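Trainee: I have a structure here, written as structure tokens, and I will follow up with some questions on it.
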Amino acid sequence: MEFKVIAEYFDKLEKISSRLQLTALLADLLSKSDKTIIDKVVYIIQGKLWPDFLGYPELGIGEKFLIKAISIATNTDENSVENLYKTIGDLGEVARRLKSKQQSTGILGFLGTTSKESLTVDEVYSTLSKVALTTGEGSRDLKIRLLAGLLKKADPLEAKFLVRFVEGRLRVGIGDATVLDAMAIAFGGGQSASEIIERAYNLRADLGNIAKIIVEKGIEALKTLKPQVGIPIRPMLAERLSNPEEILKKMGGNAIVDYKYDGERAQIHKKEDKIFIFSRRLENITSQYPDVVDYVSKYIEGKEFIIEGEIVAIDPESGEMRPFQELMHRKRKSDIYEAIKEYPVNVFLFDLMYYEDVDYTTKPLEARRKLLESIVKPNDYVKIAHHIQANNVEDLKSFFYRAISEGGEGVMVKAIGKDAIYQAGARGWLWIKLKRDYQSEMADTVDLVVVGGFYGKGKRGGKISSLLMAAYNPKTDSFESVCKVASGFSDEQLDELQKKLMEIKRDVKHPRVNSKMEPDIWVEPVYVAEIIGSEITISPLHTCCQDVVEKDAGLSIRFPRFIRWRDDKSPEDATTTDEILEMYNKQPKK
Amino acid sequence: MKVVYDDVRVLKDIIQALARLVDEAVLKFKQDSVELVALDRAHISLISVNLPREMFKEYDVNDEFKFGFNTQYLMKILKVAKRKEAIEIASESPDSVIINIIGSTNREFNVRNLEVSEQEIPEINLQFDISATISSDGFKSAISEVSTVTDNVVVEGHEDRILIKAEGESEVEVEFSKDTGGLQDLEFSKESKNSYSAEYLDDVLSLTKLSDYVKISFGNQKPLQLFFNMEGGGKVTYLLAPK
Amino acid sequence: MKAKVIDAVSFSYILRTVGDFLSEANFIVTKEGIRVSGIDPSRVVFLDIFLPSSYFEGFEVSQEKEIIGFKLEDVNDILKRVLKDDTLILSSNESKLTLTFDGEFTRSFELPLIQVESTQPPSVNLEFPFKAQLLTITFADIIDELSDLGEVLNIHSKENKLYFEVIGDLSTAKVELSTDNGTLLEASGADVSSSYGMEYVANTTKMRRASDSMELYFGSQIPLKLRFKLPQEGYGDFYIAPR
Amino acid sequence: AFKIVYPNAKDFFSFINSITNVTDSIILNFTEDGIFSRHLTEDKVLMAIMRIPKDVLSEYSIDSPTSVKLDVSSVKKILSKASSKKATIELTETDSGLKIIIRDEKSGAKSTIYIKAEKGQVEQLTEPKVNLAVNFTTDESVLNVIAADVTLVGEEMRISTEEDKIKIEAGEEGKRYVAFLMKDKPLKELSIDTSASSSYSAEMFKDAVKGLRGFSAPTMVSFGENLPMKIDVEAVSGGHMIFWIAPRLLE
DNA sequence: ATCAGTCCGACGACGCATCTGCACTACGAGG
DNA sequence: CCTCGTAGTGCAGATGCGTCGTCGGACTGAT
Ligand SMILES: [Mn+2]
Ligand SMILES: [Mn+2]
């Protein structure tokens, strides 16, 4: 009964990253410990308090609130930790130095009684559960209070991971899939039963209930498993390939292709008279989509089925799909019935894995791809994606011309054969989720002057791997920022950037450069670099062409990428605001 | 355990210093009075309320009473009465306490005792250097005024003045020196220089106004304390860690 | 056509109470009444409000039955601009609904006649076991303070009395409306049960300062029949589907 | 180094609010003939001028004409609270910055105000010398009513004046606003000379109006045929405000 | 020594919650 | 009716989440 383990034993799981001992150490977590606590420690290794299908609030402490909370914990001001973290960059390894002055009495410990102790797993989990649900008018000072108090009752090594736990993903080197082999090599010997553990984990998305079921029972408990309605099954995925022909020689006679759309792939459910609309990330989105529950229970003549499909937004005039950005409007919880009249929708169904109360996870793609054809009848609403059996090799590209008009670009390749079933759990070479040639951005070559830099975040964020670029304006003899560059530099270039900036480091901003963004340090404009981008976009952050096109906004270069330095070009020879505006004008309006 | 309270404003304002300070408290109806002292999770601030058997229409007790509550829920279930409506609090079983609001509609609610545990608080037994007395409405206005843009306020008074000053952008100060309207009372031991931050130290807003006589207890290297006195022997004492 | 009411804050308030349940509605004019009805897109709440022939100050009819269908947001938010005590006259000849105020400042608003409707007049003849009569000024004072302790209510009657009880989470609210208590006018005896949500009964409290009395026809496994008694012989029915 | 007391603190707050709605940094030009300030917008569409004739001040002693530039980034809010209509406010220069004081005879809660600024060269008092035909007086709930009414149904408001009549027509063809000001409506006095129409900036109309709440005295409003409108009203304890908005002659 | 599978993780734009603080107004009550 | 105190709403500003994937670079391990 102690949470000190997730500091002491968990300090070594980031310096020995080898996939030979981190799995061995992950075994020690479930080697010999408590009964119900293990089911609760499981959620550490997924960056969650609990699986997101049961229905629970999301922790509201993000970064700036966490900044204020840690300022309260260390009795410091807002700006000190702000700058100390901006310079370091990797937020979370700040608390070790923050709790370097271990002196905080305040009240409750200075008058009659002095005491100090630690916590345990069941305490932290309970506090997190309570802090998630608390909401209302008394919110800002109450959510911060618990994090601050636990931090004040934390330890220097604890305050290395307690910050990141609130931040999100554990920066360890271990994911959820490794927990699947952890118990496999801990309780039931080794990797021999790892396939069985994965098989049991596939159809039910939980991680506490499954773990408890396995713990209370034996290893053979991984056998009697069926998809029970409700708790969904983890969807499978694949990769993107550029090879035009690498599938026919491995599969049947060109088989069938059923396109590939976007739109927040979702698993429809149906039990008795209830239906659930679980999505990609295993979150309840049934309420936010009340227009699809009437599409399934009233037009899919089934009894109890769990299927897979995608819910793409539909244009209000005709059916030509829409970007998922426009689909994002359907995340409202209050004015739900109003947005329905503006943005129509149409779902498509690809997979069909459960009916007649009998499992269908491991079956050929003939009773799965085309199973309930007399059930999902054609209507003015949800259909099945158009598929046509490809005859010969040359037919792998003929339907591209017709299917590109929809806007989904790439298609998938259904692979027949007993070796090719819908066994989920691992994203790999199962059935080709190609993208043809997809759609890339544009290319434009310009030369820009380095005027500032930003320290990056993460394990490699110590160096100044991010820069702010500015353009010379002959009319005003001033430099205005046009874009912020953080990627495109090789290892040697990144290493030399710090020394180059230090050789010209200045405390105060140069009078001839102006920008609304505040860099970590100010750099004299000396060197000129070439940056390639996609398109010019309006951004209020940058002062380039201010108020020329849009008021209180400026032009910015989308997708910055470094190419090469320009040692023979002076800053005055850099791209000008007039040239930027002229290039922007030539771009298509649509 | 039947109790009747004539007023609701006392039960609509005292918890404002309790609603957002510590989310859990132990409403402790004693065998002879009602006294409330509860710690806080921040380990910074702490409020206390003293109330004897002078404002209760009926008060019958036999054993200790520990009706738990949620601060937000307690405020919610005490927002119905507006003008003068009385209250009727009693039950028979220690699982739910029937909270009946007297007047208008015969209305009683059932609320679970969300029991919580907390440590005890000693009876201060600490002396301070200054126990001043100003206009409570004026002093509350000063706490709301000097800290409107800043995020830290410094308290400094040398001999005959009190300045809760907040600096960093503009050194704007409010003084109550001699009998010019402020400083209705003053005890002295040394010159004063301290700070008290903004935000939830500004969130003691709608508590002072019950009695228009504030009384600070600020002192060097000592926690804060606001001293009060209401009718019927009701005094509320504040606590606050330095800066 | 020419329309006018004696209370610019009343008719606009009855229509503003339709701005939380109905996301759309249509207007038609009968020989001696104006119909505010239509089935909500929520497919649960049924709304049909009848304006009496006596609410106006010179209502006229030109040719025959005319549809004056509107858009919710405009005729709701432009008519949010009401003074403390004004008069609201409505003029709409063929295409433009001109919401015109008069009194302290003769002002007007303009809006084209938008044509969109959902005219489903379902039959309402199912009988109910229970009957009660409560004034418009107590039902709201109860439900609004009951509108925050969850989202689902329950109604049960025994020995000829109406018990408003709110359940959910861990704490319950009880209300004991009764003729003897005086919080009633007339009622009847029938022991039945049902259950209803809050958003379907809390969004309709806004029509408080527009009515004189209130008729509630509670029932068992049948739609809830809340009738808002109108000044000068009007109909204020608010049908609610069961749980 | 001067010492001038304004017996009404809320009047000073109203003046600084009225001048704030045009910019972020303001001035207080101290001359031997009074206390006055001047500003204008970047697009030359609206501006506020505040002046204090040297007859209403409790005391008024200045050696040389002095002007100082100050910002109300913090001064606005630190002066946003003054809970005494009977509070006197006084301003006195310091060695380096600006120092203002407010006195209330209710709680002795004297508040000290410090502003980091220094004196600068003054500018000669110059007001646009124009004559406006239509002239009338009104309350503080007629201009605000027009502003709030128009703030929704459009941004182009036209104030039309007929023979002893006033007509409002604004917005676009889809949504308009109809109202009249018959002799002795929400006005009080009228000095109309010629029936003329004009237009201004409805959003900036409300922006100009919203810095006027607290004027217990009637407001005198005048304009002309495409003439920049005058919105004139003085507070209880002295101080005359003159508001300029420029007519946007088509867009 | 050389490429296959395999795997954790970092990435930075968009639209909507959700709360916090302020600004203005409506009403109830003692004089 | 005058005045004040408090409830009540309307509205900007600040933090956070969900969302498509996209590409990376290192590890095992059999020829
Ligand atoms: Mn996070
Ligand atoms: Mn999430």
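Residues are referred to by chain and number: the chain letter is A, B, ... according to the order shown in the structure tokens, the number counts from 1 in that chain, and ligands are numbered separately from 1 in the order shown.
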What are the nearest atom pairs, with distances in Å to one decimal, for all residues of chain A that come at most 12 Å from ligand 1, using only C-alpha atoms and all ligand atoms, set out by chain and rising residue number as a tab-separated table?
Mentor:
```
residue	atom	partner	partner_atom_place_in_ligand_line	distance
A:47	CA	ligand 1	1 (Mn)	9.3
A:48	CA	ligand 1	1 (Mn)	10.3
A:58	CA	ligand 1	1 (Mn)	9.9
A:59	CA	ligand 1	1 (Mn)	8.4
A:60	CA	ligand 1	1 (Mn)	8.6
A:61	CA	ligand 1	1 (Mn)	7.6
A:62	CA	ligand 1	1 (Mn)	5.2
A:63	CA	ligand 1	1 (Mn)	7.1
A:64	CA	ligand 1	1 (Mn)	10.7
A:65	CA	ligand 1	1 (Mn)	10.9
A:66	CA	ligand 1	1 (Mn)	9.9
A:91	CA	ligand 1	1 (Mn)	11.2
A:92	CA	ligand 1	1 (Mn)	11.4
A:162	CA	ligand 1	1 (Mn)	12.0
A:163	CA	ligand 1	1 (Mn)	9.7
A:164	CA	ligand 1	1 (Mn)	7.8
A:165	CA	ligand 1	1 (Mn)	8.0
A:166	CA	ligand 1	1 (Mn)	5.9
A:167	CA	ligand 1	1 (Mn)	3.6
A:168	CA	ligand 1	1 (Mn)	4.1
A:169	CA	ligand 1	1 (Mn)	7.5
A:170	CA	ligand 1	1 (Mn)	10.3
```
Trainee: Would you export the selected residues with N, CA, C and O atoms as a short mmCIF file (atom, residue, chain, number, x, y, z; two decimals), in the first residue's frame, please?
Mentor:
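So the final result, stored in out17.cif, reads:
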```cif
data_model
loop_
_atom_site.label_atom_id
_atom_site.label_comp_id
_atom_site.auth_asym_id
_atom_site.auth_seq_id
_atom_site.Cartn_x
_atom_site.Cartn_y
_atom_site.Cartn_z
N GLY A 47 -2.04 6.91 -19.44
CA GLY A 47 -2.31 8.33 -19.30
C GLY A 47 -3.78 8.65 -19.15
O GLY A 47 -4.26 9.63 -19.72
N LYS A 48 -4.51 7.83 -18.39
CA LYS A 48 -5.93 8.05 -18.16
C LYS A 48 -6.25 7.73 -16.71
O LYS A 48 -5.53 6.98 -16.05
N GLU A 58 -13.46 15.05 -17.93
CA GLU A 58 -12.05 15.18 -18.26
C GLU A 58 -11.39 16.16 -17.30
O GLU A 58 -11.96 17.22 -17.00
N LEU A 59 -10.21 15.79 -16.80
CA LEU A 59 -9.50 16.67 -15.87
C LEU A 59 -9.26 18.03 -16.52
O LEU A 59 -8.80 18.11 -17.66
N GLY A 60 -9.59 19.08 -15.79
CA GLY A 60 -9.55 20.43 -16.33
C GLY A 60 -8.25 21.16 -16.10
O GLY A 60 -8.03 22.23 -16.65
N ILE A 61 -7.37 20.59 -15.27
CA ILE A 61 -6.08 21.20 -15.03
C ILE A 61 -5.18 20.93 -16.23
O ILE A 61 -4.72 19.80 -16.43
N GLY A 62 -4.94 21.96 -17.03
CA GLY A 62 -4.08 21.82 -18.19
C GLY A 62 -2.66 22.27 -17.92
O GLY A 62 -1.95 21.66 -17.13
N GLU A 63 -2.24 23.36 -18.58
CA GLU A 63 -0.88 23.87 -18.42
C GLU A 63 -0.84 25.16 -17.60
O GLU A 63 -0.16 25.21 -16.58
N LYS A 64 -1.55 26.20 -18.03
CA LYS A 64 -1.49 27.47 -17.32
C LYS A 64 -2.11 27.36 -15.94
O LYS A 64 -1.60 27.94 -14.97
N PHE A 65 -3.21 26.62 -15.82
CA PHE A 65 -3.75 26.34 -14.49
C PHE A 65 -2.74 25.56 -13.66
O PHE A 65 -2.57 25.83 -12.47
N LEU A 66 -2.05 24.61 -14.28
CA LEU A 66 -0.98 23.89 -13.58
C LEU A 66 0.16 24.83 -13.23
O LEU A 66 0.81 24.67 -12.19
N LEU A 91 8.30 20.95 -19.95
CA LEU A 91 7.54 21.20 -18.73
C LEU A 91 7.29 19.89 -17.99
O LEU A 91 6.90 18.89 -18.59
N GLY A 92 7.53 19.92 -16.69
CA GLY A 92 7.37 18.74 -15.86
C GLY A 92 8.64 18.41 -15.12
O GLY A 92 8.61 18.05 -13.94
N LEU A 162 4.26 13.50 -11.30
CA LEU A 162 2.93 13.98 -10.93
C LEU A 162 2.50 15.13 -11.82
O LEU A 162 1.31 15.29 -12.11
N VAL A 163 3.45 15.95 -12.26
CA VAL A 163 3.13 17.04 -13.18
C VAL A 163 2.69 16.48 -14.52
O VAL A 163 1.65 16.87 -15.07
N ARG A 164 3.45 15.53 -15.07
CA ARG A 164 3.14 14.99 -16.38
C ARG A 164 1.85 14.18 -16.38
O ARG A 164 1.14 14.17 -17.39
N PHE A 165 1.54 13.50 -15.27
CA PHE A 165 0.28 12.77 -15.17
C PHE A 165 -0.89 13.71 -15.45
O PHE A 165 -1.82 13.36 -16.19
N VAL A 166 -0.86 14.90 -14.86
CA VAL A 166 -1.86 15.90 -15.20
C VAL A 166 -1.68 16.37 -16.64
O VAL A 166 -2.66 16.63 -17.34
N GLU A 167 -0.43 16.49 -17.09
CA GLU A 167 -0.18 16.98 -18.45
C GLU A 167 -0.77 16.04 -19.50
O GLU A 167 -1.38 16.50 -20.47
N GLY A 168 -0.61 14.74 -19.32
CA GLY A 168 -1.09 13.79 -20.30
C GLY A 168 -0.25 12.53 -20.44
O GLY A 168 -0.04 11.81 -19.46
N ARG A 169 0.21 12.26 -21.66
CA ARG A 169 0.92 11.02 -21.94
C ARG A 169 2.18 10.90 -21.10
O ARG A 169 2.96 11.85 -20.99
N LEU A 170 2.37 9.72 -20.51
CA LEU A 170 3.57 9.46 -19.72
C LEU A 170 4.78 9.37 -20.64
O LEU A 170 4.85 8.50 -21.52
#
```
Trainee: Within 7 Å of chain B, which residues belong to chain D? Use only C-alpha atoms and report them as a list in words.
Mentor: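 Residues satisfying the distance criterion: residues 74, 77, 78, 81, 106, 107, 108, 109, 110, 111, 112, 113, 114 and 115 of chain D.
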Trainee: Might you pull out every residue within 12 Å of residue F:21, with only C-alpha atoms (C1' of nucleotides) counted and same-chain residues fewer than 4 positions away left off, and present them as a list in words?
Mentor: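 In the requested form, the answer reads residues 237, 238, 239, 240, 262, 263, 264 and 324 of chain A; 11 of chain E.
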Trainee: Could you give me, as a count of residues only, the residues within 10 Å of residue B:78, counting only C-alpha atoms (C1' of nucleotides) and dropping anything in the same chain fewer than 6 positions from it?
Mentor: 11
Trainee: Using only C-alpha atoms, tabulate the residues of chain A lying at most 8 Å from any atom of chain B, each with its closest atom pair and that distance in Å to one decimal, by chain and increasing residue number, as a Markdown table.
Mentor:
```
| residue | atom | partner | partner_atom | distance |
| --- | --- | --- | --- | --- |
| A:106 | CA | B:241 | CA | 5.1 |
| A:107 | CA | B:43 | CA | 5.7 |
| A:108 | CA | B:43 | CA | 6.3 |
| A:111 | CA | B:122 | CA | 7.5 |
| A:112 | CA | B:122 | CA | 6.8 |
| A:136 | CA | B:72 | CA | 7.7 |
| A:137 | CA | B:72 | CA | 7.9 |
| A:138 | CA | B:20 | CA | 5.4 |
| A:141 | CA | B:20 | CA | 7.0 |
| A:142 | CA | B:20 | CA | 6.8 |
| A:145 | CA | B:42 | CA | 5.8 |
| A:146 | CA | B:41 | CA | 7.0 |
| A:148 | CA | B:42 | CA | 7.3 |
| A:149 | CA | B:42 | CA | 5.8 |
```
Trainee: Grab the residues selected above and save them as a short mmCIF file (atom, residue, chain, number, x, y, z; two decimals), in the first residue's frame with N, CA, C and O atoms.
Mentor:
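Once everything was written out, this is out-v3.cif:
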```cif
data_model
loop_
_atom_site.label_atom_id
_atom_site.label_comp_id
_atom_site.auth_asym_id
_atom_site.auth_seq_id
_atom_site.Cartn_x
_atom_site.Cartn_y
_atom_site.Cartn_z
N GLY A 106 3.35 27.63 6.74
CA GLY A 106 2.01 28.21 6.65
C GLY A 106 1.26 28.04 7.95
O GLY A 106 1.72 28.47 9.02
N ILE A 107 0.10 27.40 7.87
CA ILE A 107 -0.70 27.11 9.06
C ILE A 107 -0.85 25.60 9.19
O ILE A 107 -0.30 24.84 8.39
N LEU A 108 -1.56 25.16 10.24
CA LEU A 108 -1.88 23.76 10.49
C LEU A 108 -0.65 22.94 10.88
O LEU A 108 -0.76 21.74 11.15
N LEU A 111 1.59 25.72 15.03
CA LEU A 111 1.05 26.16 16.31
C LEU A 111 1.16 25.10 17.40
O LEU A 111 1.82 25.33 18.42
N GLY A 112 0.55 23.94 17.20
CA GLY A 112 0.56 22.92 18.23
C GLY A 112 1.07 21.56 17.80
O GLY A 112 1.58 20.80 18.63
N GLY A 136 -18.60 23.64 -11.08
CA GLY A 136 -19.59 24.64 -10.75
C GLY A 136 -19.02 26.03 -10.59
O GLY A 136 -18.01 26.36 -11.22
N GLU A 137 -19.65 26.85 -9.75
CA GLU A 137 -19.15 28.20 -9.52
C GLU A 137 -17.83 28.17 -8.75
O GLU A 137 -16.89 28.90 -9.09
N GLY A 138 -17.75 27.34 -7.72
CA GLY A 138 -16.50 27.17 -7.00
C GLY A 138 -15.61 26.15 -7.68
O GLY A 138 -15.46 25.03 -7.19
N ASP A 141 -10.62 27.83 -7.89
CA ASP A 141 -9.82 27.73 -6.68
C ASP A 141 -9.89 26.36 -6.03
O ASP A 141 -9.06 26.06 -5.17
N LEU A 142 -10.84 25.53 -6.43
CA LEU A 142 -10.98 24.19 -5.87
C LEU A 142 -10.22 23.14 -6.66
O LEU A 142 -9.60 22.25 -6.07
N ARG A 145 -6.62 23.70 -5.95
CA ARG A 145 -6.27 23.47 -4.55
C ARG A 145 -5.78 22.05 -4.32
O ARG A 145 -4.80 21.83 -3.60
N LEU A 146 -6.45 21.06 -4.91
CA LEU A 146 -6.07 19.68 -4.67
C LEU A 146 -4.71 19.36 -5.29
O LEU A 146 -3.88 18.70 -4.66
N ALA A 148 -2.32 21.50 -5.84
CA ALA A 148 -1.31 22.18 -5.03
C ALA A 148 -1.05 21.44 -3.73
O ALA A 148 0.10 21.27 -3.32
N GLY A 149 -2.12 20.99 -3.06
CA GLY A 149 -1.95 20.31 -1.79
C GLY A 149 -1.21 18.99 -1.93
O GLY A 149 -0.32 18.68 -1.14
#
```
Trainee: Based on the backbone DSSP call, show me all residues of stretch 34-203 of chain D assigned helix (DSSP H, G or I), as a ChimeraX atom specification.
Mentor: /D:75-78,143-153,202-203
Trainee: Next, write the just-selected residues to a file, as a PDB file, in the first residue's frame, keeping C-alpha atoms as the atom set.
Mentor:
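Wrote it out as result37.pdb, contents follow:
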```pdb
ATOM      1  CA  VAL D  75      -5.658  54.054 -14.055  1.00  0.00           C
ATOM      2  CA  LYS D  76      -9.080  53.131 -15.450  1.00  0.00           C
ATOM      3  CA  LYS D  77      -9.546  50.115 -13.187  1.00  0.00           C
ATOM      4  CA  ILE D  78      -7.815  51.493 -10.095  1.00  0.00           C
ATOM      5  CA  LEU D 143     -29.112  58.539 -26.917  1.00  0.00           C
ATOM      6  CA  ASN D 144     -28.453  55.204 -25.210  1.00  0.00           C
ATOM      7  CA  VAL D 145     -31.816  53.926 -26.434  1.00  0.00           C
ATOM      8  CA  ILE D 146     -30.923  54.853 -30.012  1.00  0.00           C
ATOM      9  CA  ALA D 147     -27.482  53.281 -29.659  1.00  0.00           C
ATOM     10  CA  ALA D 148     -28.749  50.005 -28.179  1.00  0.00           C
ATOM     11  CA  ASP D 149     -31.630  49.776 -30.656  1.00  0.00           C
ATOM     12  CA  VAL D 150     -29.341  50.288 -33.661  1.00  0.00           C
ATOM     13  CA  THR D 151     -26.512  48.086 -32.319  1.00  0.00           C
ATOM     14  CA  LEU D 152     -28.342  45.052 -33.737  1.00  0.00           C
ATOM     15  CA  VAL D 153     -30.154  45.831 -36.983  1.00  0.00           C
ATOM     16  CA  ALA D 202     -23.634  53.077 -35.246  1.00  0.00           C
ATOM     17  CA  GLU D 203     -21.124  50.915 -33.385  1.00  0.00           C
TER      18      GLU D 203
END
```
Trainee: For chain F, work out the contacting residues on chain B at 12 Å, counting only C-alpha atoms (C1' of nucleotides), and write them as number ranges by chain.
Mentor: B: 9, 79, 82-83, 206, 209
Trainee: Store the residues picked out above in a file with N, CA and C atoms, as a PDB file, in the first residue's frame.
Mentor:
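File written: out02.pdb
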```
ATOM      1  N   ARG B   9     -30.519  34.922   6.135  1.00  0.00           N
ATOM      2  CA  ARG B   9     -29.372  35.685   5.653  1.00  0.00           C
ATOM      3  C   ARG B   9     -28.091  35.240   6.342  1.00  0.00           C
ATOM      4  N   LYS B  79     -30.648  28.618  -0.975  1.00  0.00           N
ATOM      5  CA  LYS B  79     -30.894  29.748  -1.854  1.00  0.00           C
ATOM      6  C   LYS B  79     -32.373  29.964  -2.121  1.00  0.00           C
ATOM      7  N   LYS B  82     -35.693  34.067   0.816  1.00  0.00           N
ATOM      8  CA  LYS B  82     -35.234  35.399   0.443  1.00  0.00           C
ATOM      9  C   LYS B  82     -35.477  36.441   1.521  1.00  0.00           C
ATOM     10  N   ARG B  83     -36.719  36.602   1.981  1.00  0.00           N
ATOM     11  CA  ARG B  83     -37.041  37.757   2.817  1.00  0.00           C
ATOM     12  C   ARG B  83     -36.687  37.524   4.283  1.00  0.00           C
ATOM     13  N   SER B 206     -17.925  38.715   0.521  1.00  0.00           N
ATOM     14  CA  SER B 206     -19.254  38.910   1.104  1.00  0.00           C
ATOM     15  C   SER B 206     -19.408  38.168   2.423  1.00  0.00           C
ATOM     16  N   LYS B 209     -19.668  42.022   5.676  1.00  0.00           N
ATOM     17  CA  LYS B 209     -20.723  43.027   5.669  1.00  0.00           C
ATOM     18  C   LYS B 209     -21.782  42.790   6.740  1.00  0.00           C
TER      19      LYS B 209
END
```
Trainee: Kindly provide, as a ChimeraX atom specification, all nucleotide and amino acid residues lying within 12 Å of ligand 2, counting only C-alpha atoms (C1' of nucleotides) and all ligand atoms.
Mentor: /A:46-53,55-60,168-169,279-285 /F:16-19
Trainee: Just C-alpha atoms (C1' of nucleotides) for this one: save the residues we selected as a CSV table (one decimal), in the first residue's frame.
Mentor:
```csv
chain,number,residue,atom,x,y,z
A,46,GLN,CA,-2.2,4.7,-20.5
A,47,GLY,CA,-2.3,8.3,-19.3
A,48,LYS,CA,-5.9,8.1,-18.2
A,49,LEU,CA,-7.9,7.9,-14.9
A,50,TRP,CA,-10.2,5.3,-16.4
A,51,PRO,CA,-11.4,4.1,-19.9
A,52,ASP,CA,-13.3,6.8,-21.6
A,53,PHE,CA,-16.4,4.8,-22.4
A,55,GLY,CA,-18.6,8.2,-18.9
A,56,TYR,CA,-16.5,10.6,-16.7
A,57,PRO,CA,-15.4,14.2,-16.8
A,58,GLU,CA,-12.0,15.2,-18.3
A,59,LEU,CA,-9.5,16.7,-15.9
A,60,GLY,CA,-9.6,20.4,-16.3
A,168,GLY,CA,-1.1,13.8,-20.3
A,169,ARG,CA,0.9,11.0,-21.9
A,279,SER,CA,-16.0,6.6,-31.7
A,280,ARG,CA,-12.3,6.1,-32.5
A,281,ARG,CA,-10.9,7.1,-29.2
A,282,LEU,CA,-13.5,5.1,-27.2
A,283,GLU,CA,-15.6,8.0,-25.9
A,284,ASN,CA,-19.4,8.2,-25.5
A,285,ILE,CA,-20.6,10.4,-28.3
F,16,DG,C1',-8.7,23.1,-22.1
F,17,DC,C1',-10.3,19.1,-24.9
F,18,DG,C1',-11.3,16.5,-29.3
F,19,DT,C1',-10.0,16.0,-34.1
```
Trainee: Let me make sure I understand: among D:25, D:67, D:80, D:126, which one has the smallest atom-to-atom distance to chain E if we use only C-alpha atoms (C1' of nucleotides)?
Mentor: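 When distances to chain E are compared using only C-alpha atoms (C1' of nucleotides), the smallest one comes from D:80.
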Trainee: Calculated over only C-alpha atoms, which of the candidates C:227, C:71, C:31, C:84 has the smallest distance to residue C:115?
Mentor: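 Looking at the shortest contact to residue C:115, the residue is C:71.
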Trainee: Return as a list in words the residues belonging to chain D that are within 6 Å of chain C, counting only C-alpha atoms.
Mentor: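 Taken together, these residues fit the definition: residues 175, 176, 177, 178 and 179 of chain D.
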Trainee: To one decimal in Å, tell me the separation between atom CA of residue D:133 and atom CA of residue D:192.
Mentor: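 For atom CA of residue D:133 relative to atom CA of residue D:192, the distance reads 5.8 Å.
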Trainee: Calculate how many Å separate atom CA of residue A:190 from atom CA of residue A:29, rounding to one decimal.
Mentor: 14.8 Å
Trainee: Contacts of residue B:156 at 12 Å or less, counting only C-alpha atoms (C1' of nucleotides), minus same-chain residues fewer than 2 places along, as an NGL selection string?
Mentor: :B and (130 or 153-154 or 158-166 or 173-176 or 190-196 or 218-220)
Trainee: Please determine the contact residues of chain E with respect to chain A at a cut-off of 8 Å, counting only C-alpha atoms (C1' of nucleotides), and supply them as a PyMOL selection string.
Mentor: chain E and resi 8+10+14-17+19
Trainee: Looking at only C-alpha atoms (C1' of nucleotides), which of D:218, D:211, D:238, D:247 is the one that sits closest to chain E?
Mentor: D:211
Trainee: Output the contact residues of chain E with respect to chain B at a cut-off of 12 Å, based on only C-alpha atoms (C1' of nucleotides), as a ChimeraX atom specification.
Mentor: /E:20-22,28-29
Trainee: Output C-alpha atoms (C1' of nucleotides) for every residue in that selection, as an mmCIF file, in the first residue's frame.
Mentor:
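So the final result, stored in part_5.cif, reads:
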```cif
data_model
loop_
_atom_site.group_PDB
_atom_site.id
_atom_site.type_symbol
_atom_site.label_atom_id
_atom_site.label_comp_id
_atom_site.auth_asym_id
_atom_site.auth_seq_id
_atom_site.Cartn_x
_atom_site.Cartn_y
_atom_site.Cartn_z
ATOM 1 C "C1'" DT E 20 -14.241 34.306 -14.389
ATOM 2 C "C1'" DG E 21 -14.519 38.741 -14.226
ATOM 3 C "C1'" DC E 22 -16.898 42.825 -15.273
ATOM 4 C "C1'" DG E 28 -37.705 44.877 -2.725
ATOM 5 C "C1'" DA E 29 -37.555 47.520 1.318
#
```
Trainee: Kindly indicate which residue among A:441, A:335, A:500, A:408 lies nearest to residue C:20, using only C-alpha atoms for the distances.
Mentor: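 Using only C-alpha atoms, the shortest distance to residue C:20 belongs to A:335.
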